[PDB]
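Okay, so we've got the same protein chain twice, two forms, each given alone as structure tokens, structure 1 and structure 2.
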Structure 1
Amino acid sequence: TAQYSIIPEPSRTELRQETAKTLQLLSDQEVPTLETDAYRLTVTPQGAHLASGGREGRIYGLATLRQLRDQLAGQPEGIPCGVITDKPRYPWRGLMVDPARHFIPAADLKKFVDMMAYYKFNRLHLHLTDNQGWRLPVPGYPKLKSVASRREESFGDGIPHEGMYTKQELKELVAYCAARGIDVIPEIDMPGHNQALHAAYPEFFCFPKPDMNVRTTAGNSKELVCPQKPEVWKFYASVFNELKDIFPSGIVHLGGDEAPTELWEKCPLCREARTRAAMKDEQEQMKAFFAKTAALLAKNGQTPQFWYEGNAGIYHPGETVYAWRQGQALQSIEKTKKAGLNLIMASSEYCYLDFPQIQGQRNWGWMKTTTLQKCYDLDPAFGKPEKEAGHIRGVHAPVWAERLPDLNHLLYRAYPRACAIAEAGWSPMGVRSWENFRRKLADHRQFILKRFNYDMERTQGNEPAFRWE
């Protein structure tokens, strides 16, 4: 029987036993009888009718109409008539890109955004800073451009890699995303992930090293900013003010994953600061660091987000954290509920799209394989009902880019698993099935070829070649 191939699967589809050979939009109304994020699309032999509860629902309805037009373009016999009534399961449906590890030019970001909007993603998270590069310009700190935005090579390849966005480019990105229903979330990791910052501004750190260079390999850095130094707090105030100007979401992801604190332990300034504050250890110092940063953000009307660490203690009720450790999803759901935290599911078992998608593709000596079928197994609530897991805001898939040097590589690992993530964030469990998703994705190969000039076919051997190992 003839059906639609819309991804994500709509919450309700009622097909009729007639065929439509045109999708001309005959009516387009806003009505109070639909939620602001909801739409109803009626496909008739004469054309389509769209009703929506608000601008957001209208964006989604037009995205569904776009997919139906692609299907009809491939089906000259027509597509079924029917009524689609639709609204998302979760309000947060996100992808993260990592320009700190490999810079993503503006044009390439635009293509990435168009593709994620096709699948009704509504959050774009930018990992802007890390050991391997710093991509956010900050007035008054020119060495961020001249030093921190450049590295000499990647993994011994002898090829320099550099880049930094302009403020104007980032405001363009924000407007481009907004027009496509997407909010943009910056991430500035602190106090660690800061080898590039140290290369530019060694005076911000407990043990300044003028010979420090921007990192060209993966691994953990012990270089933490020294919370006793006034230049650090002036710098981060400047950072947060730039983010306030550029990013209207007002959300600032601070990282927050466990950092090595050996250098704080040894720092003569931090040692005496801990003694004055009767702090027992460097974890108490970390709690104080994040309380101070959260206060700076609050003075700005901004709110922090974190990669969840169950035993961190740096969170205040109402904040939002990301669940990411394998095997910890259900525990994190329970713990955040008890702690009054909101939770975004980014479990690396399902959502870390830097991992290879077919067994035998490059795993860089450590990555597990996450197939499309495994990815589609994701239920963000892990079996818990809406009344017990209402603090779960949605789903988020990071495409970490240590080993993804350009858009071609990035999209190879992001898609088609991002389509599965989109359906996990949008579609109620009652309309989800691997067999239906697999059928639709088969059709989407042609849809994406025609609309984006991009090939989503995946075989063990057709990943683009790498220069490393």
Structure 2
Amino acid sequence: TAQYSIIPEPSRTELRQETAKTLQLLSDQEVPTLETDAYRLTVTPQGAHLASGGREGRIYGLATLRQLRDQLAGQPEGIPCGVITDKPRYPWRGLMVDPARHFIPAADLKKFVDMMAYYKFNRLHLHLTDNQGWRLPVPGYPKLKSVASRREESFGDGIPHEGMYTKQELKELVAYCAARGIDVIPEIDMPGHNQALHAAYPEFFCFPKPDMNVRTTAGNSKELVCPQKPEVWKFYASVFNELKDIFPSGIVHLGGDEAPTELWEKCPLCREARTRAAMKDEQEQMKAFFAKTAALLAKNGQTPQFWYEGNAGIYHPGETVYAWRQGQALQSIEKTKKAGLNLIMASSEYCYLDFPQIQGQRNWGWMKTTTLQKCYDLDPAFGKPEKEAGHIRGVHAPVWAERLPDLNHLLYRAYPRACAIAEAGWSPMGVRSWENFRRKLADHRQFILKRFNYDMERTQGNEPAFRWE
């Protein structure tokens, strides 16, 4: 019979027999009984009543009302009356954009934010720095702009790529996100993924290479900042001071992914520093590096996060890590619990939205296909009980942009899988089903076309063309 098409699925929908042809908001009340992230939305033939426990729940209730208005706009016969009582399963529901790989203009970020807010995402993570570019301006380090923000080409295409946000643009983004219920999380990836920083400031590295250029290809860089160099710590203190001014979330993602330690092992400065500190290997050195960085953050009231790299011993109890490596989700849940770490689920089997969504679409010679149906199969807890998985804070989907050069390409791969991620982060398992989700997503094609002039239809051949290979 007649249903709503709200994504994410609300925790409770009680449908009634009457029909509503108006969604005029008749009441909008803050009530003490509901939690601050919760709302109750009642649809009657005379209009709608919204109750919420706080500003956060109110934002979510208005987001549901927006989807119901989009449904009603396409249903002249009216929509069912009913009561929706709703609160998210997980408090962290995030997407990550990758302007380091391909710069995202301010106007395009706005559209990306409006779309994620429509699905009740509440975290926007900015991957600001990598091998292919550096997008955060830092006073006192002008070569980040003149060198690190520019590259000669991408994958042999001969086409230079550059870009850097202004401080005013980033403060605009923060306010734009806050008005839509979204906290912004900057990432300064360290100690690796740093070829762009090396191109600008080779003196920060164990083996300075003045001829180094910003990377124009994918693949792994072995260049790690040298923890023995005072300039490194002065630089990151300056970076973190800018983040304190710009990003009121106070959370700084430090990255830490894909940082092989070969060059630390060989570095003549790091070798003797390890001898002085009685460090037996470079994992102990990595632990000390993160601890020193966390101490710098703590001076500003900031807190770190990391990509989980499978060695829980390098993090400090109470810190948050992101599980991402293929095949490691269950082990990561267990090891982070034992180590006293909090966990965000970003498993690349379900959440890496750079991967093609239909078999036969560009995989660049290595990417597996993650279909919409596969994505929807994600339970962030992997069926584990609360005593084993209560340290999981939520779900997070990166849209890595090595191969996504503009917003058109970004949205093509981000959606509709981001809709499934939204439901995995928000909806209790007891209201989730592929059949129901698929039904609603079909209706959402018209909703998103109407509201955003954007088409979420996916076929193998309708991905925008690429210039490479």
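C-alpha atoms forming the largest set that superposes within 1.5 Å between two forms make up the rigid core. Start at 1 and count along the sequence of structure 1; that gives the residue numbers used here.
Visitor: Quick one: with the rigid core lined up, which of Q283, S238, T303, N363 moves its CA 2 Å or more between structure 1 and structure 2?
Guide: So the only displaced C-alpha belongs to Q283.
Visitor: Honestly, after the rigid core fit, is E388 moving at least 2 Å at Cα between structure 1 and structure 2?
Guide: It does shift by 2 Å or more.
Visitor: In Å, how far apart are the CA positions of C206 between structure 1 and structure 2 with the rigid core superposed?
Guide: Here the C-alpha difference is 1.6 Å.
Visitor: Core-aligned, what does the C-alpha of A312 shift between structure 1 and structure 2, expressed in angstrom?
Guide: The alpha-carbon displacement, core-superposed, is 5.2 Å.
Visitor: To one decimal place, what C-alpha displacement in Å is found for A401 between structure 1 and structure 2 with the rigid core superposed?
Guide: On core superposition, this C-alpha lies 0.2 Å from its counterpart.
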